[PDB]
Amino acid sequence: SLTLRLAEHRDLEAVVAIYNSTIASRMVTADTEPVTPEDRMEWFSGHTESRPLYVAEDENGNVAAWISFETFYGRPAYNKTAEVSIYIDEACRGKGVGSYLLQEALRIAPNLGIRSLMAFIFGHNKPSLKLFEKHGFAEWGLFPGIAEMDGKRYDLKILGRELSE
C-alpha cells in the first residue's frame, strides 16, 4: 500500500534517489546523468504550503514515490495554474502506483487553489500519456525535438486539465 504525507528535509535523499532511478530509462526526466541532493536543494525548498511536495511511503515506511506541485510562471496572472510532476521508484514500476498517485494529486489540487493543472510528458511515454488522458487531461501542446539526450531528439508533450467548475 501507499500512504501520502508532506515531504520533509530528511526525505530529500530518497526523493533524489527515486529521481535518479528513472534517468536510465530516459522516459520521464530531462537528465542523462544522475544528480546530487545539493543540486536539488533549491528546488526542494522552493515548495510552499500551496504548491507542495508529497512523498508516498510503502507499508515499510520507505519513500517509494513523490508528487510535486510547481508554479507555471512566477506571475500573479498564473496563480491558479500549476504543474504536477510524479516520479516512482523504478523498482516499483508496473504495480499500479501511477494511477493511485494521479488520483491523489487530483483530489489534492482543488484544495490548493489550482484551477488548471499541467503535466510535462515525453511524447514517447505512451503509458503515462494514456494514464493522464483517462483522467481528464488533453494534449495542449507538443514541442518537437526540444529535448536532446544521447544524441537523439525527443518531443515534449504538454497535457492539461481544468479542474475548476
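Residue numbers here begin at 1 and follow the sequence given.
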* Take the C-alpha B-factors listed in the entry for 59 to 67 and for 114 to 122, compute each mean, and give the stretch with the larger one. => 59 to 67
* Structure fact -> Of 131 to 139 and 95 to 103, the stretch with the higher mean C-alpha B-factor in the deposited entry is 95 to 103
* Structure fact -> Entry-reported C-alpha B-factor of residue 2 relative to its chain, by third, is highest
* Using the B-factor values recorded in the entry, state whether the Cα atom of residue 87 falls in the lowest, middle or highest third among the modelled residues of its chain. => lowest
* **CA B-factor ranking of residue 146, expressed as a third of its chain** => lowest
* Check where residue 23 lands among this chain's C-alpha B-factors and tell me if it's the lowest, middle or highest third. => highest
